[PDB]
Structure formats: structure tokens, C-alpha cells
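So the structure is just underneath, and the comments pick up after that.
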Amino acid sequence: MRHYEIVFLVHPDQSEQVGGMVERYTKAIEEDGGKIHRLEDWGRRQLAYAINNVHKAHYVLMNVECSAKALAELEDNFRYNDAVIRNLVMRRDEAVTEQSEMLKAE
Amino acid sequence: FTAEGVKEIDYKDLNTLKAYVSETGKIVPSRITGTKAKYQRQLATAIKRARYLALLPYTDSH
Amino acid sequence: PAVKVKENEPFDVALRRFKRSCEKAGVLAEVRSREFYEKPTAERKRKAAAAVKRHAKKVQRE
Amino acid sequence: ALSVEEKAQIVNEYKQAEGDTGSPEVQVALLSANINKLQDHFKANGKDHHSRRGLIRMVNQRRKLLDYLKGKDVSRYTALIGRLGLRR
Amino acid sequence: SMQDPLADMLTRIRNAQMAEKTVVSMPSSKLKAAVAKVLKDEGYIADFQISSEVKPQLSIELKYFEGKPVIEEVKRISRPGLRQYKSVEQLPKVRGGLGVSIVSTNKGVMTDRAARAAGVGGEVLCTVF
RNA sequence: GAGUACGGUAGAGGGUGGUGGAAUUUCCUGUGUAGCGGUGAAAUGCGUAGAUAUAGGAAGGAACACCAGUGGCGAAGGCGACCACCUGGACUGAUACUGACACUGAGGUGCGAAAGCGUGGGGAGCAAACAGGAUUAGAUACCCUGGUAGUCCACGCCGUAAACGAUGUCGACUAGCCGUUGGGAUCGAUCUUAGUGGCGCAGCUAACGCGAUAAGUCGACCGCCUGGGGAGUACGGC
Ligand SMILES: [Mg+2]
Ligand SMILES: [Mg+2]
Ligand SMILES: [Mg+2]
Ligand SMILES: [Mg+2]
Ligand SMILES: [Mg+2]
Ligand SMILES: [Mg+2]
Ligand SMILES: [Mg+2]
Ligand SMILES: [Mg+2]
Ligand SMILES: [Mg+2]
Ligand SMILES: [Mg+2]
Ligand SMILES: [Mg+2]
Ligand SMILES: [Mg+2]
Ligand SMILES: [Mg+2]
Ligand SMILES: [Mg+2]
Ligand SMILES: [Mg+2]
Ligand SMILES: [Mg+2]
Ligand SMILES: [Mg+2]
Ligand SMILES: [Mg+2]
């Protein structure tokens, strides 16, 4: 109904609650009435430039099919979270499942 | 672009995105690579999105 | 705008490499373009003149 | 402004010969519904003139269609104007 | 917005003889057919054909004689903005009678000479020389 | 002819919020010293009260390089950071549907660059007025150092521009060649559409030139002109 590909990256110092943080978020999509069709993780990556005097962050992408209220609450949680550091969404009209790339190399 | 690999390209295959960025982080004009107008148009915004995510740099100096 | 030194070549090849890199970057053009404000009318006039010159060159190529 | 489902509902409840959409009544109903659904959008966005141009275009088109229908058949005009319930 | 189709017939014929073509195709009508018939009767065109199937099309074959078109000048007199009507004695004589002027009388669409012979005036439609 | 229903594309079309990096300026702190800035040449100005360069930090405002194109969108004016939400129109494919429901349009109704006006905010760069230094016979200018309104936002007003293609809107016909934007169909080629450019045959034009995006051949309706000044001025109305 309203798909959203959201890529969220988080502070490296707190790159251990991210394993549980998604369950603090995915928790919503079911009682809203939506389904996640993809979730990946390639966190602890190198930054291109300094974002509040850091150079590394833990990345995570996921797809969501939720209502407006779920979007509002998740973005408000991002806004008032101390880690947050970055957020962005790519609302699309389809579904994608097959990861993003992982590493095609050995 | 047209034969097999991705009719529409997202900002995902950085192996393709980095092929279209100059050594100083600028975007290569279409007349140099010889690509098409539609693909250049979507490729520019793909690079901008990837660049905001701090995957790619604004400037090579920074 | 930046080049490394390595493997003790004479200090002229690296100089020409730096010159070539700087002129690929087009730094001089951009820094000249910021010396004074160009009102938009002059900008469109210059672009139109460049376009007509380019098309005349391409037509005269045959 | 309208989507597929409610457009189908309107053409269903305003059809004339089981499979027509060009009849005047369907067009007037669709235009009136779209105008009504756009009024609340224009309530909040006062400085959007470019869309208000299209709104006025729909208003004029509906007026033309109503004039033609009143020219053709009076009774159908009265029935339609009563069902949509608008001044003229 | 196609306010007048007979002027469109005349203009199509004129522009086609300027371009050195042989056949002209257009939508047909019971007035265009009469005009084409009188033109053929006067010898200004070779033939005219009308198709079937609710959208009939008039196809006119043009003459050339020498290296110049046979129809030298053609012009519509009574446009939908004037509606000129003439009597018997006021019927125009184009080029001293060498050409013809089409008149729609109560007896049908015909030429000025026929109207003078029958003693009937009418609605002047176009002039050809 | 005109319009409706159904899929799919492209777009700086409009509105409301949020978020980015670079760069300028100002303030604070560190080593370090005597010059910086500017010009045709200078000077005003800033300077050991530690500048510029340089390192670290802080606040604040505005514009969105590279893509970028005879490129796109919009009735015109005009519209380039990214993201979400609300929304208008155009283009494209087949079928069904309505069955002339159309064109133009005196009055009227709106939208309408920039400058300007009112109330309340904000204020980094720039910069009418203005101050000083030059140049000059003079220089109420061009040049240099500063600098206020304004340029920015909300609401309201103002109705103007070389508001230009100096070319009113709508419809139909008339050789061709080379590009290009975004869609289809056939077997890279061909065919066909809606735009957007460069040449060019007839034809037109006083000439320049226009030439399927006519200024050619024709229709429908509207606006306007009648020697140069006085003058788009006076008087009256709004
Ligand atoms: Mg300093
Ligand atoms: Mg009109
Ligand atoms: Mg008027
Ligand atoms: Mg008006
Ligand atoms: Mg203004
Ligand atoms: Mg003001
Ligand atoms: Mg004020
Ligand atoms: Mg000055
Ligand atoms: Mg004042
Ligand atoms: Mg005027
Ligand atoms: Mg303009
Ligand atoms: Mg004028
Ligand atoms: Mg035309
Ligand atoms: Mg030409
Ligand atoms: Mg003329
Ligand atoms: Mg006079
Ligand atoms: Mg006056
Ligand atoms: Mg007056």
C-alpha cells in the first residue's frame, strides 16, 4: 500500500543495541497491519567524512509497509534518539527482497 | 545499460556508481561517457542520494 | 589538487603530473567565475552564444 | 484526487446502460466529487494557484455539460440536479 | 475550427494544383459533390469519385494541359460571414464570361450561364477562371 | 470535432515541514612576526592591543558548484541541494462509452519579473543613499576602502517591463535534408506521434527575411492604426 525503503546508520559506540533496536522498531509493523519484505545488515563501515566528529558507523537497511502513524513514530524516535546520527527513506511502489549486495568477493 | 543489466539502476551497485565519478569526486558529464539522457538523469540523483548517506564524498579534500 | 611523491623520480615529472591534475580539476576556471557576480541575463546570453558557436562548428565539420 | 475504487463506485451508481462512462450524468458526478474532495485541500493551501486553475477548469466543464444536458432533456436535468443537489 | 468546409475544398484544389499533384482526397458532402459535378461538366477537372462506408471521401482528378494548371484562379465569394445573394441581372461575369461562377438556385447548383438561360437568380457560391 | 472510463511513462509545475556539505563573516583560544589589503599607479583603511596565512572551537544568515544539454515543465510571469506529505496538467497504448456537448469573445473575472508600500520578524554576503581616497580644468561619475534602506520570511497592497518570437486564438492544406527530447509499431535499420533546433524548393515580401514552430493558400472571431511634435500629457471618471 505504501512501501518505504529506509536506511538508518547509528553511532559506533552503541553498535550493540542495533541488534535489538530493530525489534524495538519492527514491533510496530505487524499491529499496524504491515509486513517487512527485506532486512539486511552490513554495519560497522567507514565514513566518507566527519559527522559530529566520528568516522565510523553501524549501518542497517530495511523495507516497511506501514501506515502514516508508524512512519511518524519511527521518525520521531529517530529525532529524539541520541544515537540517530542519520536517517533517510525511499518510498517506492513495489517490493524488493534479495539483500542489497553483501560482498560478491571471497 | 539496455542489453541485460538493470533497465533501471538504483543507487546500489557502487561498482557502477564509482565508474561514473571523477578522481576529485565530481560527476562526469554525459558527453564524455556517451551515456543516454534518462540514465544520466537518474544516475545524478542516485549519486546525490548515495553521497548524502556518506558512502561517497562531497569533495575529495574534505 | 594533491599528489604524492614516491620512488625517487626527478622533481619535474611529478610537477607536470600536478599541473595536469590541476588543469583536469578546472580549479582556475571556477575561481575566475567567482571574481564578480554575473547577472542571469548575461549568463543566458553567454550560454546561447556558446550553443550557437558549438552548433556552427558541428555543422561546418561536414 | 480521486482513486480507482471510488471512481468505479461513482460510475456504478451513476451509470445509464450497464457499461457506459461517457454519459453526461457520470461526468458531472465525477467532476462534482473531485471538486468537493479538492475544497478541503484548498482550505489549507491558500497560495496554490496552479492547481486552482485546474479546479476552475473542472467547474467550467461541469457548467458546460449541465447546460448541454438541460438543452437535451429537461426531466433528466432535474433528476440529476436533485441527486447531486446543487443550485444550478 | 472547420467553420466552412467548401472553402476547404477550394483551398485543397488550389494548393494541390500549386504542388503539381494529380489526385485530391477530402471528406465528401452533398454540396461538395454538386460543386465537383459542375466543375467536371465545365471541364475544369478530370473526374470525381465517392467512396462508401458512412465516411465517404471525394477524390478529384486534376487536369494540366500544358505545363500550367488548368484551374488558374478560384475563389469563394459567399463565405459564412457575408452570404451574398444576387438576382438574375446582377449575376457576375468573371473574365468577360470566359470563366464561370457557381450559383446555387432553387433548381440546384449550376453555372451562371444556366441561371441566365433559366431566368433564375440565387446564391453566388464561388468563381473560377 | 470535443469529452469520459482503463494501464505506463517524463518533468527546476505548485504548497507545507525536515535534513545536508562547501564557502564568507563575526567572536574565543594557541605558537609566530611586521606587514596586510588595493591599483594603471597609488592612497583611504587595517596593523606587535599579534593581522593575513594557520590550528582548534562557537553562533548566525543566504545560495544550492560538479550533473547542465538548441534539456525539461508551466496559460504567461516563471521554476535547479536532498527527503516525506497534499496537489494540477501534459505525453503514450487498446477497447468501450457520450453523440456536435464546438471556436472566438465587447463587458467582467483572476494570475502577473523587478523595484516600491504597510505591520511584524530576521540580517552572513551584496549593495541605492552616504563618508573618505584617487583621476580630472572641474568629477555631485567611471576606480578603491567602508557603508544604510533593500535583497531573506509571514500577511496584505501595488497591476508595471525591450511583460519580445517586437509575430492574437482556433482549424484545414502545401517539396525536401540534418540534429534532439519521450513514447509506441515493424524487420541496428525502418515507420509513426507530441514537442524542441539548424538549412532549404515553390510561394510571399519594399527589402531584410519567413518558409509544416509561414511572414505561403484559405476560413471563424476578437484587439488595434490613420504624418512628426505637443502627448500617453491636460481635464473629468474609476
Ligand atoms: Mg585568523
Ligand atoms: Mg475563449
Ligand atoms: Mg477585455
Ligand atoms: Mg482580461
Ligand atoms: Mg519584490
Ligand atoms: Mg517591506
Ligand atoms: Mg520591517
Ligand atoms: Mg563602491
Ligand atoms: Mg522610502
Ligand atoms: Mg504596456
Ligand atoms: Mg521573460
Ligand atoms: Mg507590443
Ligand atoms: Mg496554423
Ligand atoms: Mg531557412
Ligand atoms: Mg508584413
Ligand atoms: Mg499630428
Ligand atoms: Mg497619466
Ligand atoms: Mg486622471
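In what follows, every chain begins at residue 1, and chains take the letters A, B, ... in the order their sequences are listed. The figures here come from the full heavy-atom set of this structure, side chains too, leaving out hydrogens, waters and symmetry mates.
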- Item | Any A/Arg91 side-chain N or O less than 4.0 Å from OP1/OP2 of F/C85 |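 Checking A/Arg91 against F/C85: at least one side-chain N or O falls below 4.0 Å of OP1 or OP2.
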Is there a Watson-Crick or G-U wobble pair formed by [N] and [M], both distances less than 3.5 Å?
{"N": "F/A34", "M": "F/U19", "answer": "no"}
{"N": "F/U39", "M": "F/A163", "answer": "no"}
{"N": "F/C91", "M": "F/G8", "answer": "yes"}
{"N": "F/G47", "M": "F/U31", "answer": "no"}

- Which residue, A/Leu71 or B/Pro29, contacts RNA chain F at a nucleotide closer to its 5' end, judged by nearest heavy atom?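 Comparing both residues, the 5'-ward one is B/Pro29.
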- Message: For B/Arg49 and B/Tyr58, find the nucleotide of RNA chain F closest to each by heavy atoms; which residue's nucleotide sits nearer the 5' end?
- Response: B/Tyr58
Out of [options], whichever nucleotide has its closest atom nearest the side chain of [X]:
{"X": "D/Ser51", "options": "F/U70, F/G88, F/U4", "answer": "F/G88"}
{"X": "D/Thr21", "options": "F/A96, F/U217, F/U87", "answer": "F/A96"}
{"X": "D/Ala1", "options": "F/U87, F/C82, F/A68", "answer": "F/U87"}
{"X": "B/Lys26", "options": "F/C173, F/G15, F/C66", "answer": "F/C66"}

- Query: Below 4.5 Å, heavy atoms only, C-beta onward: do E/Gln49 and E/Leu58 meet side chain to side chain?
  - Reply: no
- Identify whether any heavy atom of C/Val52 sits under 4.0 Å from a base atom; if not, whether one sits that close to sugar-phosphate; answer base, sugar-phosphate or nothing.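 Base contact.
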- Counting any heavy atom closer than 4.0 Å, what does D/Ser23 reach on the DNA or RNA strands: base, sugar-phosphate only, or nothing? sugar-phosphate
On the side chain of [X], is there an atom forming a donor-acceptor pair with the base of [N] - under 3.5 Å, no angle test?
{"X": "D/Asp20", "N": "F/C97", "result": "no"}
{"X": "E/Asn15", "N": "F/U174", "result": "no"}
{"X": "B/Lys48", "N": "F/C67", "result": "yes"}

For nucleotides 182-189 of chain F, print each protein N/O atom paired with a nucleotide N/O atom at under 3.5 Å, atom names and distance only.
residue	atom	partner	partner atom	Å
F/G182	OP1	B/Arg41	NH1	3.0
F/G182	OP1	B/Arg41	NH2	2.4
F/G183	OP2	B/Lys38	NZ	3.2

- Task: Counting Watson-Crick and G-U wobble pairs only, both distances under 3.5 Å, name the nucleotide matched with F/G118, or none.
- Result: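 For F/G118, the partner nucleotide comes out as F/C155, under the 3.5 Å rule.
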